[PDB]
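Tertiary structure, described
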Amino acid sequence: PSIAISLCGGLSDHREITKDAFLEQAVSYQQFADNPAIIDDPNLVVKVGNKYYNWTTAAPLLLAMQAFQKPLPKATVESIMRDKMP
Amino acid sequence: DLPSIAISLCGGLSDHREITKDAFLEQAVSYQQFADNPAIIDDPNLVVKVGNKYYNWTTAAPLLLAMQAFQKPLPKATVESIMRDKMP
Ligand SMILES: [Cl-]
Ligand SMILES: [Cl-]
Ligand SMILES: [Cl-]
Ligand SMILES: [Cl-]
Ligand SMILES: [Cl-]
Ligand SMILES: [Cl-]
Ligand SMILES: [Cl-]
Ligand SMILES: [Cl-]
Ligand SMILES: [Cl-]
Ligand SMILES: [Cl-]
Ligand SMILES: [Cl-]
Ligand SMILES: [Zn+2]
Ligand SMILES: [Zn+2]
Ligand SMILES: [Zn+2]
Ligand SMILES: [Zn+2]
Ligand SMILES: [Zn+2]
Ligand SMILES: [Zn+2]
Ligand SMILES: [Zn+2]
Ligand SMILES: [Zn+2]
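Residues numbered from 1 in each chain as written, not as in the entry; some residues may be left out. Chains lettered and ligands numbered in written order. Heavy atoms only, no water.

As named in the PDB entry, chain B is Isoform 2 of Phosphatidate phosphatase LPIN1, taken from Mus musculus. Looking at the PDB record, one finds the entry titled "Crystal structure of the mouse lipin-1 M-Lip domain with zinc".

Under the PDB entry, the name given to chain A is Isoform 2 of Phosphatidate phosphatase LPIN1, and the organism recorded is Mus musculus.

Moving on: helix α4 (residues 74-84) of chain A. Residue and element names in this part refer to chain A. Of the residues making up α4, those classed as buried are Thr76, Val77 and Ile80. Down the axis of α4, the buried set is contained in an arc of 95°. They therefore lie on one face. Relative to its buried face, α4 has exposed residues pointing more than 90 degrees away, namely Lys74, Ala75 and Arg82. (Buried < 20%, exposed > 50% of the residue type's maximum accessible area, 1.4 Å probe, protein only. Helix = DSSP H or I, 4+ residues; strand = E, 2+ residues; numbered from the N terminus. Arc of directions from axis to C-beta.)

As a further point, take the interface of chain A and chain B. Listed per partner, the contact involves 28 residues of chain A and 28 residues of chain B. Approximately 2,500 Å² of surface area, both sides summed, lies buried where chain A meets chain B, with 76% of it carried by carbon and sulfur atoms. Three residues, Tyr29(A), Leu63(A) and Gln66(A), lead the burial of chain A against chain B; their summed loss comes to 31% of the area buried on that side. At the boundary of chain A with chain B, the tally comes to one salt bridge. Here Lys84(A) and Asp42(B) are joined by a salt bridge, their closest N and O atoms 3.6 Å apart. Where chain A packs against chain B, one counts six residue pairs in polar contact. The biggest single contributor to the side of chain A that touches chain B is helix α3 (residues 55-68) of chain A, with ten residues. Residues that form the side of chain A that touches chain B fall into these classes: 23 nonpolar, three polar and two charged. (Contact = heavy atoms within 4.5 Å. Buried area = accessible area lost by both parts, 1.4 Å probe. Salt bridge = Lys/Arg side-chain N within 4 Å of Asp/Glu carboxyl O. Polar contact = N/O pair within 3.5 Å; in protein donor to acceptor, adjacent residues only side chain to side chain. Nonpolar A, V, L, I, M, F, W, Y, C, P; charged D, E, K, R; others polar.)

Where a protein is soluble and globular, its nonpolar side chains tend to be buried together. Membership of the largest hydrophobic core comes to 49 residues, with the highest contact counts inside it found for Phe32(A), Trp55(A), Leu62(A) and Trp57(B). Take this core: its biggest share by element is ten residues, from helix α3 (residues 57-70) of chain B. Those residues in contact with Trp57(B) that sit more than four places away from it in its chain are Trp55(A), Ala59(A), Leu63(A), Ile41(B), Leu46(B), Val48(B) and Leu64(B). Core analysis: the next-biggest nonpolar cluster, separate from the first, contains six residues, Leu13(B), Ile19(B), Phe24(B) and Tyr54(B) among them. (Core = buried A, V, L, I, M, F, W, Y, C linked by side-chain atoms within 4.5 Å.)

The protein atoms that coordinate the zinc ion (ligand 15) are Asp15(B) (OD) and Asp15(B) (OD), at distances spanning 2.0 to 2.3 Å. Its place among the elements puts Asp15(B) in the loop between β1 (5-8) and α1 (21-26). (Donors = N, O, S within 2.8 Å, 3.2 Å for Na, K, Ca; no water.)

The next point concerns the sheet that holds strand β2 (residues 47-50) of chain B. Residues and elements named next belong to chain B. Taken together, the three strands give an open sheet; going across it, the order is β1-β2-β3, and neighbouring strands pair in antiparallel fashion. Edge positions in the sheet fall to β1 and β3 (53-55), since each of these pairs with one other strand and no more. The average undirected angle you get between the axes of adjacent strands in this sheet is 25°. Direction of pairing for β1 relative to β2: antiparallel, over a ladder of four bridges. Note on β2: the bridge partner recorded for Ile5 is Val50. (Pairing = 2+ DSSP bridges. Axes fitted to C-alpha atoms, helices over the stretch in contact; angles between N-to-C directions.)

So, on to the environment of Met87(B). Residues and elements named next belong to chain B. Structurally, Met87 can be placed in the segment after α4 (76-86). Expressed as a C-alpha distance, the spacing of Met87 and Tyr55, which sit 32 residues apart in the sequence, is 7.0 Å. Aside from chain neighbours lying at most four places away, what touches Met87 is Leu13, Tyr54, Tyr55, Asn56, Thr59 and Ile82.

In structure tokens form, the structure reads like this:
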């Protein structure tokens, strides 16, 4: 899946993330390299495919894809979102 | 192109013990183990191997995000600074 990060926010207010708002505050590589603490920003949104996650939800999804070269099961993702999404 | 990642619950980084190949692999986390317990990511004993080096989760997290989101690892000088801030 395509993956990107942005500081648009809106997840904790359960706001729908629009492509336009996401892109207006997308984080570039150099920007993240200059300030890696961005990973802890409350407004950080992670785009994974068509969905938008907070970092706490995206982290296991992402860790699994790189460590095992395949996504987690569908039932696992549902459980992570249930546990971790705002 | 991206470096390989493995995870283990061998621990030892925060006591500054040397991470041995045997200790890492004997307690390596498998796909089904992580799929059954994704909270392992918060386990205090989690060690993340990135290429040749061993990190705790707090250090590995930005490395992992940069690789996935930008499809390239962070610069080496950046990783060194993350280590100073986040390694135990
Ligand atoms: Cl912000
Ligand atoms: Cl379903
Ligand atoms: Cl279902
Ligand atoms: Cl979870
Ligand atoms: Cl949980
Ligand atoms: Cl240990
Ligand atoms: Cl534990
Ligand atoms: Cl445990
Ligand atoms: Cl443990
Ligand atoms: Cl120390
Ligand atoms: Cl210490
Ligand atoms: Zn902020
Ligand atoms: Zn389902
Ligand atoms: Zn959980
Ligand atoms: Zn100890
Ligand atoms: Zn444990
Ligand atoms: Zn250096
Ligand atoms: Zn820092
Ligand atoms: Zn220490």
